[PDB]
Amino acid sequence: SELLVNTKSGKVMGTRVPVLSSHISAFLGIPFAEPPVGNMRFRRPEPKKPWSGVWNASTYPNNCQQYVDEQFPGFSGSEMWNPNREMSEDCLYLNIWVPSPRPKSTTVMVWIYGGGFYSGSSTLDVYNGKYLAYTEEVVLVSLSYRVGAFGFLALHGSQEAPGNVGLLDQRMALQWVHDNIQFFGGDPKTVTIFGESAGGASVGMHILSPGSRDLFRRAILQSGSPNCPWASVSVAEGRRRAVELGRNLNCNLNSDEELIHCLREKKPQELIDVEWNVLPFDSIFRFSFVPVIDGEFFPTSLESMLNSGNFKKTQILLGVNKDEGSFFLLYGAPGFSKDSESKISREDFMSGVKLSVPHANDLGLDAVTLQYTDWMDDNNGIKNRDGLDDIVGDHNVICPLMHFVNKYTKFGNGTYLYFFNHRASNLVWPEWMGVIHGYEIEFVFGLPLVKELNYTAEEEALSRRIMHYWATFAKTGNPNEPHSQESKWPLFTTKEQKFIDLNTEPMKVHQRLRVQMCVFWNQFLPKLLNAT
Amino acid sequence: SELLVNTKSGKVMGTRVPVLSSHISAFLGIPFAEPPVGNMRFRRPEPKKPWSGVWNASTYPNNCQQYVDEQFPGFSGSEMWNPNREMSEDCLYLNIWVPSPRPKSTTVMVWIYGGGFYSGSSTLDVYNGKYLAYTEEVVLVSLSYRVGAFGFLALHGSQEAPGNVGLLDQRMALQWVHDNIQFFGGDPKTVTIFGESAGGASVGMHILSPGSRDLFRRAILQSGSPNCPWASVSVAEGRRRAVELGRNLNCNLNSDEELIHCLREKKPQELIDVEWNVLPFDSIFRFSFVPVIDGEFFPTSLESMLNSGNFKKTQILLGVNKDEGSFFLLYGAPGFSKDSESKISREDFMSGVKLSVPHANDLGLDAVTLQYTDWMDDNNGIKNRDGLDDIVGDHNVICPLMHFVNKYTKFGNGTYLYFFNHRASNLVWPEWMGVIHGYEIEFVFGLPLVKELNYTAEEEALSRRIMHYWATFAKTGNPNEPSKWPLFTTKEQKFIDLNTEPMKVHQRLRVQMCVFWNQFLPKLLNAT
Ligand SMILES: *[C@@H]1O[C@H](CO)[C@@H](O)[C@H](O)[C@H]1NC(C)=O
Ligand SMILES: *[C@@H]1O[C@H](CO)[C@@H](O)[C@H](O)[C@H]1NC(C)=O
Ligand SMILES: *[C@@H]1O[C@H](CO)[C@@H](O)[C@H](O)[C@H]1NC(C)=O
Ligand SMILES: *[C@@H]1O[C@H](CO)[C@@H](O)[C@H](O)[C@H]1NC(C)=O
Ligand SMILES: *[C@](C)(O)CCC[N+](C)(C)C
Ligand SMILES: *[C@](C)(O)CCC[N+](C)(C)C
Ligand SMILES: C[C@H](O)CCC[N+](C)(C)C
Ligand SMILES: C[C@H](O)CCC[N+](C)(C)C
Ligand SMILES: [Cl-]
Ligand SMILES: [Cl-]
Ligand SMILES: [Cl-]
Ligand SMILES: [Cl-]
């Protein structure tokens with residue numbers, strides 16, 4: 001029976017799912033950990049203990065407890081990212097799509113959803129893995145992990161809420177793939193982990209953590225890297241925020257045991273309701289509970305590890321989208337609106353920069369402002385909007401990633417960099433937002449291949465080439481098929497630093513993705529803020 | 001006689017000079033002060049005591065003692081700025097050009113040579129005032145003033161070497177024009193002072209100083225302003241350099257009088273030989289003995305005076321040239337040469353900025369570097385050369401001048417700004433240097449009008465419209481006679497290009513870079 005598979009933890013029964021006139025096997029909602037509920041909250045995950053009988057894996061699992069975006073009720077553009085299943089702390093499950101007939105020992109790709117480490121689900125429609133698994137004939141896994149306080153509350157020293165448990169949930173799912181994927185036709189020796197945003201930062205964190213390294217072969221990072229300013233905090237900041245969450249709930253702060261005990265007595269939604277109150281400053285692209293540099297999951301500072309080459313050395317394929325910052329400006333910066341061209345006055349521009357770089361001193365602010373202001377036309381509402389868009393995206397995504405690619409490449413065994421700049425013809429968001437953070441995902445999962453979604457013929461072709469690039473990279477460590485005819489995606493080298501645009505037009509090779517601004521963000525600004 | 005004039009100090013006999021197939025009156029080397037020699041060295045100037053008989057004013061006077069540029073012997077490009085006659089401490093004289101027949105109460109223009117306060121002469125060929133005086137019919141006066149230690153050694157507190165005597169010499173010459181120009185047909189109530197580089201900074205300083213305000217009507221500043229970083233120093237820095245000058249010459253440093261008496265015994269060239277050793281850093285566009293903010297000639301700091309509006313309120317006309325920095329890079333920065341394109345390597349670029357902003361810390365240097373480096377092509381030699389060229393010019397001339405123009409305009413009564421970007425066709429310097437610092441002067445003085453100089457017809461026309469803009473401005477406060485040179489206003493901040501093509505109006509001259517040099521860097525250096 002193609003649909004009946006017995007794993008190290010027990011039997012599982014999948015379901016036959018239709019896909020583009022054909023069919024594939026799907027194993028949805030398989031548990032990989034014990035429900036981190038009750039006294040398990042904030043605690044490191046524990047392996048799912050063996051069960052008897054056949055586990056029904058024909059339906060999606062619950063999504064983890066998280067903040068839900070209600071800015072635009074009914075609007076598909078935002079709701080497509082909200083939980084589409086009931087939320088529950090009992091959410092540590094994974095989904096698998098296996099080609100039919102079952103391959104023998106084929107390439108495996110594991111998906112790690114993003115969502116700022118405070119949200120995300122493995123069950124969104126945009127993550128349906130049937131199209132990719134079917135078209136590229138790979139075994140596609142979709143994992144999950146605790147987000148927000150439930151997954152990253154950090155009180156260093158304690159073993160009840162040590163921090164990074166969300167990252168540990170991911171590792172456990174990878175350990176599960178390593179031990180049972182062979183039973184689904186996949187080769188545990190050829191697994192590629194890929195994710196976007198927080199998922200992309202996660203992938204890079206596994207590349208760094210000695211405890212995750214041997215659990216995968218290669219890695220793909222989309223609009224996210226481990227060194228992003230929003231992707232981690234110091235143990236001190238983590239404790240400070242943890243204590244602040246308690247204070248917000250009138251918790252006994254006399255000790256970690258009592259604080260944790262108090263927080264374990266609260267209902268999920270109670271934690272979530274005050275989640276954003278613990279942040280240091282008014283800001284955008286900043287999240288309360290994220291990974292912490294604990295000295296355990298992460299031996300030393302991320303930077304020192306990148307400089308010494310202390311990390312998995314393999315091949316990586318990463319990149320960013322043209323307008324990474326717009327999504328976040330729309331939600332937290334004045335002057336921005338979904339139903340308007342959002343021309344930003346000078347007053348709001350100033351406010352935006354303060355909001356975008358919350359940790360900067362007045363001098364740092366002036367520096368950012370001067371670096372992104374055309375003083376021959378400072379009141380230009382459009383230049384001010386786009387300026388802010390670039391500030392947010394360069395600071396939070398692009399430059400941190402460029403820093404990462406340059407450091408990694410000095411020790412790695414293969415780097416391929418991309419710049420996704422295609423505005424989908426059917427985008428529901430306003431034109432000013434451009435190529436939005438997260439909108440390359442639908443192309444990666446082949447949504448353009450389904451006719452009723454109304455993508456253009458050229459968008460279907462773009463999707464097919466991106467999927468083939470991803471899959472081929474997963475299988476061999478090179479997105480290009482040797483001795484093939486199509487244009488070749490060149491390797492990123494420390495000297496030439498090449499990268500390609502990713503759109504519907506013929507390939508174009510560029511060099512030094514946004515070096516000017518990134519030199520500012522990665523070299524000059526830090527030195528300025530470090531002075532006094 | 002048309003050539004015999006009785007001044008309040010005595011009679012002077014001029015000389016009839018030829019000019020563009022015609023003639024005009026010339027009075028050369030008229031003494032306006034007592035020879036500041038011997039015990040008068042470093043001391044404020046004293047008015048020239050009356051003389052009997054007729055003073056021979058038919059030939060140029062001596063040039064003040066100064067460092068002489070011997071970098072390119074025989075090369076006319078560097079030599080045209082060197083003293084063209086005997087140097088002597090007895091050099092306080094002035095020259096006048098009067099149109100023939102002698103006009104009545106006509107407009108006067110007083111020229112103040114530049115030279116970084118360490119050099120310059122009123123006798124240079126390019127300062128020949130006959131062309132401008134004749135063509136525009138104005139009485140043209142060129143004055144002189146002590147430069148170097150002789151004119152600016154500052155030992156605040158002492159009255160033997162109080163500092164700023166060079167500026168005081170300029171003042172006495174203006175005071176002399178105020179009392180005697182009418183006798184040459186000049187109108188003392190309509191006097192315009194104009195100068196280039198250090199000459200422009202001087203003009204600016206007179207606009208600021210109370211004791212100078214009533215000695216002129218309007219002002220013109222060419223490639224120089226009072227607030228330039230090389231134009232002045234604190235009393236503390238002036239004293240330090242003064243003491244260090246003595247040290248270099250093994251002087252008794254126990255007290256001011258002992259220090260001064262020692263320095264007064266040395267021969268001129270002994271002082272000049274060690275002049276540069278007193279600078280605090282290795283650098284370019286930096287000079288040893290310059291004006292001092294003494295609380296006397298300058299009531300308070302230049303900036304505070306500019307904010308409170310404490311200065312002469314009138315009409316000003318000022319501008320800069322496209323490539324102000326090339327000249328100084330050629331002389332003190334590695335990688336530059338007069339006989340090559342001078343592509344600057346990356347290492348030399350680094351060295352260059354350090355030399356350009358000697359006072360900046362490492363963060364400041366990184367800031368200047370990032371601000372002027374295209375990181376998509378950092379190893380481009382031409383881009384590094386031009387970048388260094390803009391750094392030196394933006395920091396030392398253009399931006400300090402824009403800061404001055406914006407501050408002045410708030411209280412002034414009329415501002416006219418220009419951007420001179422014409423590359424002379426017969427220029428002897430290499431092309432990489434572009435529109436060099438000081439090369440608009442030949443156009444202001446009508447040199448293109450003389451055939452033998454081989455300028456193009458378009459350049460002659462350019463020179464004529466420039467002389468007319470200058471002269472018309474001097475006589476009415478507006479370079480336009482009733483394409484119009486728009487007025488620079490706080491709001492629109494307009495300015496015009498000055499070249500051989502039809503006039504073009506622009507706004508916010510190099511505002512991007514100047515925002516960096518006038519607001520961000522200062523703030524960054526004060527914070528770190
Ligand atoms: C598994 O669940 C699906 C969906 O609820 C259902 O159709 C199927 O019959 C179930 N299988 C069994 C026998 O539990
Ligand atoms: C990757 O490693 C292999 C084996 O050491 C080496 O032969 C190859 O050149 C490397 N490739 C790259 C792009 O570094
Ligand atoms: C003035 O001096 C010049 C040159 O020394 C001489 O030619 C001239 O005759 C003198 N003036 C007169 C006429 O006495
Ligand atoms: C100059 O002053 C006069 C009289 O005070 C005034 O009418 C005129 O507007 C002023 N000009 C400018 C442009 O400031
Ligand atoms: C990233 C910070 O994890 C943000 C991800 C956001 N969505 C909307 C693309 C899921
Ligand atoms: C200014 C610093 O006074 C420099 C002027 C230099 N010349 C060569 C034009 C006289
Ligand atoms: C990115 C994002 O929507 C932030 C969450 C919104 N607040 C802070 C208003 C709850
Ligand atoms: C441009 C100029 O003559 C600079 C002065 C040269 N040194 C420093 C050698 C005396
Ligand atoms: Cl970088
Ligand atoms: Cl002649
Ligand atoms: Cl001689
Ligand atoms: Cl105004």
Side-chain angles (χ1 to χ4, degrees), chain A residues 189-190 192 207 213 217-220 309 311-318 405-417 472-473 475-480 482 488-499, chain B residues 28-29 59-70 73-76 78-88 90-91 93 119-128 144 268-269 306-307 309 311 313-318 402-417 477-478 485-495 505 507-509:
Chain A
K189 301 175 84 295
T190 314
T192 288
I207 289 184
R213 298 182 190 171
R217 182 59 175 293
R218 290 183 268 278
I220 296 177
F311 55 76
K312 193 187 173 60
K313 280 104 171 175
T314 188
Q315 306 84 37
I316 58 171
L317 181 154
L318 72 177
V405 62
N406 281 299
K407 286 290 183 181
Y408 188 82
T409 301
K410 294 293 297 183
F411 292 101
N413 187 239
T415 299
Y416 295 88
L417 178 62
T472 303
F473 170 78
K475 304 189 187 64
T476 70
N478 182 330
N480 305 294
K488 300 288 189 300
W489 185 338
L491 270 171
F492 173 97
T493 59
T494 161
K495 178 178 177 55
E496 289 153 65
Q497 302 160 54
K498 297 180 174 175
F499 77 90
Chain B
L28 314 181
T59 65
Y60 279 133
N62 288 301
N63 296 140
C64 294
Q65 293 277 180
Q66 53 189 282
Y67 165 86
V68 180
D69 172 37
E70 297 175 61
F75 180 58
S76 71
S78 51
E79 254 146 34
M80 66 183 274
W81 306 105
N82 286 330
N84 53 347
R85 25 196 63 275
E86 233 69 290
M87 288 189 287
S88 165
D90 171 19
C91 60
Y93 300 80
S119 62
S121 309
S122 71
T123 60
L124 306 185
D125 293 342
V126 291
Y127 300 162
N128 195 321
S144 64
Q269 203 54 54
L306 282 175
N307 287 327
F311 54 77
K313 301 175 186 57
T314 176
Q315 301 83 49
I316 56 171
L317 178 151
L318 64 181
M402 294 305 298
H403 177 72
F404 176 78
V405 74
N406 280 300
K407 286 292 180 182
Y408 191 80
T409 301
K410 295 184 188 303
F411 298 96
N413 190 237
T415 301
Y416 294 96
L417 178 58
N478 188 322
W485 186 332
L487 195 69
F488 177 100
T489 63
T490 301
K491 170 70 81 65
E492 297 188 293
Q493 303 165 54
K494 300 171 180 174
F495 78 84
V505 177
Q507 300 190 192
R508 308 191 170 191
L509 173 51

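Each ligand, and each atom within it, is numbered from 1 in the order the structure gives. Letters A, B, ... mirror the listed sequences (proteins, then strands); counts begin at 1. For the numbers below, each heavy atom of this structure counts, side chains included, while hydrogens, waters and symmetry mates do not.
Contact annotation for atom 10 (C) of ligand 2: protein present (non-hydrogen atoms, distance under 4.0 Å). The nearest protein heavy atom to atom 2 (O) of ligand 2 is closer than 4.0 Å. Counting only heavy atoms, the protein never gets under 4.0 Å from atom 7 (O) of ligand 2.
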Assess whether side-chain hydrogen bond (donor to acceptor under 3.5 Å, both in side chains) is satisfied between B/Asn62 and B/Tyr93, documenting all intermediate values. CA-CA 8 Å; B/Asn62 288 301; B/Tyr93 300 80; 5.9 Å; no
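With a 4.5 Å cut-off on side-chain heavy atoms, A/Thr192 and A/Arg217 do not count as touching. Side chains of A/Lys313 and A/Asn413 form no contact here, defined as non-hydrogen atoms less than 4.5 Å apart.
Judged purely by atom type and a 3.5 angstrom limit, B/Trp485 uses its side chain to pair as donor or acceptor with the backbone of B/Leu417.
With respect to atom 5 (O) of ligand 2, the closest heavy atom belonging to the protein is A/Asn413 ND2, 5.0 Å.
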